[PDB]
file start28.pdb (PDB, C-alpha atoms)
ATOM      1  CA  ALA A   1      -6.974  19.011 -21.289  1.00  0.00           C
ATOM      2  CA  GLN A   2      -7.746  15.378 -20.486  1.00  0.00           C
ATOM      3  CA  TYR A   3      -5.328  14.926 -17.584  1.00  0.00           C
ATOM      4  CA  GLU A   4      -5.005  18.090 -15.460  1.00  0.00           C
ATOM      5  CA  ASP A   5      -2.988  18.873 -12.337  1.00  0.00           C
ATOM      6  CA  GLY A   6      -5.547  19.139  -9.585  1.00  0.00           C
ATOM      7  CA  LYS A   7      -8.030  16.898 -11.354  1.00  0.00           C
ATOM      8  CA  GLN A   8      -6.806  13.284 -11.472  1.00  0.00           C
ATOM      9  CA  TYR A   9      -3.589  14.057  -9.657  1.00  0.00           C
ATOM     10  CA  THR A  10      -1.798  16.702  -7.690  1.00  0.00           C
ATOM     11  CA  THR A  11       1.826  17.761  -7.867  1.00  0.00           C
ATOM     12  CA  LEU A  12       4.054  17.761  -4.826  1.00  0.00           C
ATOM     13  CA  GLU A  13       5.276  21.266  -4.054  1.00  0.00           C
ATOM     14  CA  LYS A  14       8.278  19.576  -2.534  1.00  0.00           C
ATOM     15  CA  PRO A  15       9.307  16.710  -4.849  1.00  0.00           C
ATOM     16  CA  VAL A  16      11.062  13.702  -3.372  1.00  0.00           C
ATOM     17  CA  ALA A  17      14.411  12.700  -4.875  1.00  0.00           C
ATOM     18  CA  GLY A  18      15.244   9.022  -5.409  1.00  0.00           C
ATOM     19  CA  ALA A  19      11.687   7.936  -4.576  1.00  0.00           C
ATOM     20  CA  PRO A  20      10.304   4.562  -5.810  1.00  0.00           C
ATOM     21  CA  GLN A  21       8.692   4.804  -9.281  1.00  0.00           C
ATOM     22  CA  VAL A  22       5.211   3.751  -8.117  1.00  0.00           C
ATOM     23  CA  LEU A  23       4.707   4.015  -4.383  1.00  0.00           C
ATOM     24  CA  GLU A  24       1.505   2.962  -2.657  1.00  0.00           C
ATOM     25  CA  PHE A  25       0.695   3.511   1.019  1.00  0.00           C
ATOM     26  CA  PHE A  26      -2.025   1.637   2.930  1.00  0.00           C
ATOM     27  CA  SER A  27      -3.069   0.428   6.380  1.00  0.00           C
ATOM     28  CA  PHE A  28      -4.786  -2.838   7.370  1.00  0.00           C
ATOM     29  CA  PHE A  29      -7.047  -0.559   9.486  1.00  0.00           C
ATOM     30  CA  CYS A  30      -7.994   1.587   6.522  1.00  0.00           C
ATOM     31  CA  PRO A  31     -11.524   0.860   5.242  1.00  0.00           C
ATOM     32  CA  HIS A  32     -10.941   2.289   1.756  1.00  0.00           C
ATOM     33  CA  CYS A  33      -7.668   0.300   1.621  1.00  0.00           C
ATOM     34  CA  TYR A  34      -9.723  -2.869   2.213  1.00  0.00           C
ATOM     35  CA  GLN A  35     -11.878  -1.828  -0.768  1.00  0.00           C
ATOM     36  CA  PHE A  36      -8.759  -1.030  -2.865  1.00  0.00           C
ATOM     37  CA  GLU A  37      -7.278  -4.430  -2.196  1.00  0.00           C
ATOM     38  CA  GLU A  38     -10.225  -6.824  -1.975  1.00  0.00           C
ATOM     39  CA  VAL A  39     -12.995  -5.260  -4.031  1.00  0.00           C
ATOM     40  CA  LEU A  40     -11.218  -2.989  -6.530  1.00  0.00           C
ATOM     41  CA  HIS A  41      -7.825  -4.756  -6.790  1.00  0.00           C
ATOM     42  CA  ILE A  42      -6.171  -1.422  -7.542  1.00  0.00           C
ATOM     43  CA  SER A  43      -2.531  -2.399  -7.039  1.00  0.00           C
ATOM     44  CA  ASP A  44      -3.057  -5.303  -9.324  1.00  0.00           C
ATOM     45  CA  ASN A  45      -4.733  -3.329 -12.073  1.00  0.00           C
ATOM     46  CA  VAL A  46      -2.099  -0.590 -11.993  1.00  0.00           C
ATOM     47  CA  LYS A  47       0.591  -3.264 -12.394  1.00  0.00           C
ATOM     48  CA  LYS A  48      -0.943  -4.665 -15.562  1.00  0.00           C
ATOM     49  CA  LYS A  49      -0.773  -1.318 -17.325  1.00  0.00           C
ATOM     50  CA  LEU A  50       2.634  -0.057 -16.198  1.00  0.00           C
ATOM     51  CA  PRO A  51       5.266   0.186 -18.942  1.00  0.00           C
ATOM     52  CA  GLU A  52       8.128  -2.279 -18.941  1.00  0.00           C
ATOM     53  CA  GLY A  53      10.826  -1.521 -16.353  1.00  0.00           C
ATOM     54  CA  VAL A  54       8.596   0.170 -13.760  1.00  0.00           C
ATOM     55  CA  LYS A  55       8.595  -1.602 -10.351  1.00  0.00           C
ATOM     56  CA  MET A  56       5.735  -1.187  -7.877  1.00  0.00           C
ATOM     57  CA  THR A  57       6.254  -0.581  -4.173  1.00  0.00           C
ATOM     58  CA  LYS A  58       3.684  -0.862  -1.389  1.00  0.00           C
ATOM     59  CA  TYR A  59       4.255   0.325   2.184  1.00  0.00           C
ATOM     60  CA  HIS A  60       2.258   0.079   5.431  1.00  0.00           C
ATOM     61  CA  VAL A  61       1.773   3.144   7.651  1.00  0.00           C
ATOM     62  CA  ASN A  62       1.744   3.770  11.409  1.00  0.00           C
ATOM     63  CA  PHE A  63      -0.801   6.546  11.930  1.00  0.00           C
ATOM     64  CA  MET A  64      -3.891   4.296  12.117  1.00  0.00           C
ATOM     65  CA  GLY A  65      -4.613   1.825  14.893  1.00  0.00           C
ATOM     66  CA  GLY A  66      -2.104   2.959  17.492  1.00  0.00           C
ATOM     67  CA  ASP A  67       0.048   0.175  18.904  1.00  0.00           C
ATOM     68  CA  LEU A  68      -1.361  -2.491  16.573  1.00  0.00           C
ATOM     69  CA  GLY A  69      -0.805  -0.164  13.609  1.00  0.00           C
ATOM     70  CA  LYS A  70       2.925  -0.137  14.322  1.00  0.00           C
ATOM     71  CA  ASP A  71       2.939  -3.927  14.813  1.00  0.00           C
ATOM     72  CA  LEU A  72       1.279  -4.181  11.439  1.00  0.00           C
ATOM     73  CA  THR A  73       3.963  -2.035   9.793  1.00  0.00           C
ATOM     74  CA  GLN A  74       6.686  -4.324  11.223  1.00  0.00           C
ATOM     75  CA  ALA A  75       4.712  -7.403  10.116  1.00  0.00           C
ATOM     76  CA  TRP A  76       4.426  -5.960   6.614  1.00  0.00           C
ATOM     77  CA  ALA A  77       8.218  -5.518   6.752  1.00  0.00           C
ATOM     78  CA  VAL A  78       8.387  -9.237   7.648  1.00  0.00           C
ATOM     79  CA  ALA A  79       6.097 -10.002   4.708  1.00  0.00           C
ATOM     80  CA  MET A  80       8.378  -7.969   2.361  1.00  0.00           C
ATOM     81  CA  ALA A  81      11.581  -9.540   3.696  1.00  0.00           C
ATOM     82  CA  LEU A  82      10.212 -13.074   3.232  1.00  0.00           C
ATOM     83  CA  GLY A  83       8.406 -12.315  -0.008  1.00  0.00           C
ATOM     84  CA  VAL A  84       5.033 -13.498   1.263  1.00  0.00           C
ATOM     85  CA  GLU A  85       2.918 -10.358   0.678  1.00  0.00           C
ATOM     86  CA  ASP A  86       0.490 -12.272  -1.520  1.00  0.00           C
ATOM     87  CA  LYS A  87      -0.176 -14.862   1.144  1.00  0.00           C
ATOM     88  CA  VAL A  88      -0.876 -12.580   4.080  1.00  0.00           C
ATOM     89  CA  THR A  89      -2.510  -9.476   2.603  1.00  0.00           C
ATOM     90  CA  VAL A  90      -6.041 -10.929   2.481  1.00  0.00           C
ATOM     91  CA  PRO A  91      -5.985 -12.720   5.864  1.00  0.00           C
ATOM     92  CA  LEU A  92      -4.533  -9.591   7.506  1.00  0.00           C
ATOM     93  CA  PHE A  93      -7.215  -7.299   6.001  1.00  0.00           C
ATOM     94  CA  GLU A  94      -9.955  -9.734   6.998  1.00  0.00           C
ATOM     95  CA  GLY A  95      -8.535 -10.393  10.450  1.00  0.00           C
ATOM     96  CA  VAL A  96      -8.448  -6.681  11.237  1.00  0.00           C
ATOM     97  CA  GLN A  97     -11.593  -5.486   9.454  1.00  0.00           C
ATOM     98  CA  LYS A  98     -13.875  -8.435   8.782  1.00  0.00           C
ATOM     99  CA  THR A  99     -13.638 -10.987  11.586  1.00  0.00           C
ATOM    100  CA  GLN A 100     -11.793  -8.666  13.995  1.00  0.00           C
ATOM    101  CA  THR A 101      -9.717 -11.549  15.261  1.00  0.00           C
ATOM    102  CA  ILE A 102      -6.474  -9.571  15.142  1.00  0.00           C
ATOM    103  CA  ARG A 103      -6.036  -7.731  18.402  1.00  0.00           C
ATOM    104  CA  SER A 104      -2.382  -8.317  19.164  1.00  0.00           C
ATOM    105  CA  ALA A 105       1.013  -9.013  17.671  1.00  0.00           C
ATOM    106  CA  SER A 106       0.465 -12.718  18.488  1.00  0.00           C
ATOM    107  CA  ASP A 107      -2.739 -12.742  16.428  1.00  0.00           C
ATOM    108  CA  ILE A 108      -0.818 -11.112  13.594  1.00  0.00           C
ATOM    109  CA  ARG A 109       1.784 -13.866  13.864  1.00  0.00           C
ATOM    110  CA  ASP A 110      -0.957 -16.527  13.775  1.00  0.00           C
ATOM    111  CA  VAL A 111      -1.927 -15.314  10.280  1.00  0.00           C
ATOM    112  CA  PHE A 112       1.611 -15.970   9.047  1.00  0.00           C
ATOM    113  CA  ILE A 113       1.725 -19.418  10.759  1.00  0.00           C
ATOM    114  CA  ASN A 114      -1.596 -20.328   9.150  1.00  0.00           C
ATOM    115  CA  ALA A 115      -0.203 -19.119   5.817  1.00  0.00           C
ATOM    116  CA  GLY A 116       2.646 -21.610   6.218  1.00  0.00           C
ATOM    117  CA  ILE A 117       5.488 -19.365   7.333  1.00  0.00           C
ATOM    118  CA  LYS A 118       7.286 -21.299  10.038  1.00  0.00           C
ATOM    119  CA  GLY A 119       7.297 -19.952  13.573  1.00  0.00           C
ATOM    120  CA  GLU A 120      11.063 -19.866  13.889  1.00  0.00           C
ATOM    121  CA  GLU A 121      11.248 -18.188  10.497  1.00  0.00           C
ATOM    122  CA  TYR A 122       8.693 -15.533  11.398  1.00  0.00           C
ATOM    123  CA  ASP A 123      10.255 -14.764  14.779  1.00  0.00           C
ATOM    124  CA  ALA A 124      13.810 -14.533  13.356  1.00  0.00           C
ATOM    125  CA  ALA A 125      12.604 -12.093  10.680  1.00  0.00           C
ATOM    126  CA  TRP A 126      10.409 -10.149  13.156  1.00  0.00           C
ATOM    127  CA  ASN A 127      13.450  -9.480  15.347  1.00  0.00           C
ATOM    128  CA  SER A 128      15.996  -8.891  12.573  1.00  0.00           C
ATOM    129  CA  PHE A 129      17.846  -5.659  11.699  1.00  0.00           C
ATOM    130  CA  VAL A 130      16.929  -6.213   8.048  1.00  0.00           C
ATOM    131  CA  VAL A 131      13.286  -5.866   9.116  1.00  0.00           C
ATOM    132  CA  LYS A 132      14.206  -2.913  11.351  1.00  0.00           C
ATOM    133  CA  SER A 133      15.624  -1.139   8.273  1.00  0.00           C
ATOM    134  CA  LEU A 134      12.557  -2.084   6.195  1.00  0.00           C
ATOM    135  CA  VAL A 135      10.345  -0.508   8.870  1.00  0.00           C
ATOM    136  CA  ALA A 136      12.560   2.605   8.628  1.00  0.00           C
ATOM    137  CA  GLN A 137      12.231   2.698   4.831  1.00  0.00           C
ATOM    138  CA  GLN A 138       8.423   2.586   5.108  1.00  0.00           C
ATOM    139  CA  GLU A 139       8.424   5.344   7.713  1.00  0.00           C
ATOM    140  CA  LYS A 140      10.885   7.515   5.713  1.00  0.00           C
ATOM    141  CA  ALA A 141       8.881   7.255   2.507  1.00  0.00           C
ATOM    142  CA  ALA A 142       5.667   8.352   4.231  1.00  0.00           C
ATOM    143  CA  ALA A 143       7.498  11.184   6.029  1.00  0.00           C
ATOM    144  CA  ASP A 144       9.086  12.394   2.771  1.00  0.00           C
ATOM    145  CA  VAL A 145       5.664  13.039   1.192  1.00  0.00           C
ATOM    146  CA  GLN A 146       4.313  14.287   4.526  1.00  0.00           C
ATOM    147  CA  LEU A 147       1.654  11.600   4.281  1.00  0.00           C
ATOM    148  CA  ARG A 148      -1.547  12.190   6.276  1.00  0.00           C
ATOM    149  CA  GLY A 149      -4.015   9.814   4.659  1.00  0.00           C
ATOM    150  CA  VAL A 150      -4.387   6.433   3.029  1.00  0.00           C
ATOM    151  CA  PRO A 151      -4.920   4.895   0.510  1.00  0.00           C
ATOM    152  CA  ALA A 152      -2.358   6.971  -1.352  1.00  0.00           C
ATOM    153  CA  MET A 153      -0.209   6.511  -4.425  1.00  0.00           C
ATOM    154  CA  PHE A 154       2.750   8.554  -5.676  1.00  0.00           C
ATOM    155  CA  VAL A 155       4.522   8.475  -9.036  1.00  0.00           C
ATOM    156  CA  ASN A 156       8.273   9.296  -9.164  1.00  0.00           C
ATOM    157  CA  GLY A 157       7.991  11.300  -5.932  1.00  0.00           C
ATOM    158  CA  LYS A 158       6.381  14.150  -7.822  1.00  0.00           C
ATOM    159  CA  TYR A 159       2.739  13.260  -8.346  1.00  0.00           C
ATOM    160  CA  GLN A 160      -0.035  12.108  -6.030  1.00  0.00           C
ATOM    161  CA  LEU A 161      -3.078  10.223  -7.327  1.00  0.00           C
ATOM    162  CA  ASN A 162      -6.317  12.084  -6.732  1.00  0.00           C
ATOM    163  CA  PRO A 163      -9.104   9.436  -6.816  1.00  0.00           C
ATOM    164  CA  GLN A 164     -11.835  11.874  -5.656  1.00  0.00           C
ATOM    165  CA  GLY A 165     -11.429  13.491  -9.037  1.00  0.00           C
ATOM    166  CA  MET A 166     -12.793  10.369 -10.763  1.00  0.00           C
ATOM    167  CA  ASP A 167     -16.379   9.048 -11.246  1.00  0.00           C
ATOM    168  CA  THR A 168     -17.316   6.241  -8.823  1.00  0.00           C
ATOM    169  CA  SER A 169     -20.526   5.195 -10.603  1.00  0.00           C
ATOM    170  CA  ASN A 170     -18.982   2.021 -11.951  1.00  0.00           C
ATOM    171  CA  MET A 171     -16.288   0.243  -9.916  1.00  0.00           C
ATOM    172  CA  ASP A 172     -14.558  -1.224 -12.995  1.00  0.00           C
ATOM    173  CA  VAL A 173     -14.380   2.169 -14.724  1.00  0.00           C
ATOM    174  CA  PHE A 174     -12.910   3.835 -11.645  1.00  0.00           C
ATOM    175  CA  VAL A 175     -10.231   1.187 -11.417  1.00  0.00           C
ATOM    176  CA  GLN A 176      -9.223   1.608 -15.088  1.00  0.00           C
ATOM    177  CA  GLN A 177      -9.211   5.383 -14.816  1.00  0.00           C
ATOM    178  CA  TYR A 178      -6.959   5.171 -11.784  1.00  0.00           C
ATOM    179  CA  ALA A 179      -4.649   2.760 -13.584  1.00  0.00           C
ATOM    180  CA  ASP A 180      -4.488   4.802 -16.802  1.00  0.00           C
ATOM    181  CA  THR A 181      -3.751   7.869 -14.718  1.00  0.00           C
ATOM    182  CA  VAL A 182      -0.811   6.085 -13.100  1.00  0.00           C
ATOM    183  CA  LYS A 183       0.453   5.042 -16.557  1.00  0.00           C
ATOM    184  CA  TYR A 184       0.152   8.612 -17.871  1.00  0.00           C
ATOM    185  CA  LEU A 185       2.098  10.004 -14.911  1.00  0.00           C
ATOM    186  CA  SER A 186       4.599   7.194 -15.322  1.00  0.00           C
ATOM    187  CA  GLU A 187       5.309   8.236 -18.922  1.00  0.00           C
ATOM    188  CA  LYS A 188       5.404  11.934 -18.098  1.00  0.00           C
TER     189      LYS A 188
END
call {"tool": "encode", "arguments": {"input": "start28.pdb", "output": "structure tokens"}}
result
Amino acid sequence: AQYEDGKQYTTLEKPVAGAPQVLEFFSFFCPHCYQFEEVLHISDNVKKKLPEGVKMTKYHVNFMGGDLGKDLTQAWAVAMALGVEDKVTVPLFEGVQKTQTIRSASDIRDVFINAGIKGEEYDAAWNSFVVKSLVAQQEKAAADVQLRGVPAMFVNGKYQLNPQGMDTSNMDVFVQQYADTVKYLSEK
């Protein structure tokens, strides 16, 4: 057929109940994730093709970058709690991978300050139980799909995108294939 299990996607042997509809995992340490966000704009192109009533979720993961990787997962929780994802995603990617000016939790915080989040506001969120639970949600979701690599995307806790099974000749074409595949799975 056109879409085949094992070609553009794989099926989870052990489906995850109550999972987010579209669930993306990434790391600010992950070089392909940098590509996905900055060069390919994958999350954004998936969004534009999702049927009405399908929300998109993006979580950070711990298993890259050791101690900083965990700080980054908590900071992403801060970004989700404050609703400032779209203001910090690029400076965080660039601070970790481009300029390499993010080496500590303080440097992470600086990115938020520079993006206009107030210090007191950042620190209150950073230390909050709401952020603690948002960290736990991110960790639970990755654990539930036994996640070992990023970037990764899951549809309804049953399907896993399989980007290697798509031509990378043309960046634009890859992005639309990925997005159409998500839509197909979505409607399944």
call {"tool": "closest_residue", "arguments": {"input": "start28.pdb", "among": "A:175, A:125, A:54, A:131", "to": "residue 77 (chain A)", "atoms": "all atoms listed in the file"}}
result
A:131
call {"tool": "resolve_selection", "arguments": {"input": "start28.pdb", "expression": "the PyMOL selection byres ((chain A and resi 160) around 6)", "output": "MDAnalysis selection string"}}
result
chainID A and resid 9:10 153:154 159 161
call {"tool": "residues_near_point", "arguments": {"input": "start28.pdb", "point": "(3.9, -5.1, -9.9)", "cutoff": "10 Å", "atoms": "all atoms listed in the file", "output": "number ranges by chain"}}
result
A: 22, 43-50, 54-58
call {"tool": "resolve_selection", "arguments": {"input": "start28.pdb", "expression": "the PyMOL selection byres ((chain A and resi 15) around 9)", "output": "list in words"}}
result
residues 11, 12, 13, 14, 16, 17, 144, 145, 156, 157, 158 and 159 of chain A
call {"tool": "residues_near_point", "arguments": {"input": "start28.pdb", "point": "(4.9, -17.4, 4.9)", "cutoff": "6 Å", "atoms": "all atoms listed in the file", "output": "ChimeraX atom specification"}}
result
/A:84,112,115-117
call {"tool": "atom_distance", "arguments": {"input": "start28.pdb", "atom1": "CA of residue 62 (chain A)", "atom2": "CA of residue 168 (chain A)"}}
result
27.9 Å
call {"tool": "closest_residue", "arguments": {"input": "start28.pdb", "among": "A:90, A:40, A:105, A:171", "to": "residue 71 (chain A)", "atoms": "all atoms listed in the file"}}
result
A:105
call {"tool": "resolve_selection", "arguments": {"input": "start28.pdb", "expression": "the PyMOL selection byres ((chain A and resi 147) around 12)", "output": "ChimeraX atom specification"}}
result
/A:12,23-26,59-63,138-146,148-154,160
call {"tool": "closest_residue", "arguments": {"input": "start28.pdb", "among": "A:39, A:19, A:72, A:64", "to": "residue 103 (chain A)", "atoms": "all atoms listed in the file"}}
result
A:72
call {"tool": "atom_distance", "arguments": {"input": "start28.pdb", "atom1": "CA of residue 20 (chain A)", "atom2": "CA of residue 32 (chain A)"}}
result
22.7 Å
call {"tool": "closest_residue", "arguments": {"input": "start28.pdb", "among": "A:35, A:114, A:21, A:74", "to": "residue 51 (chain A)", "atoms": "all atoms listed in the file"}}
result
A:21
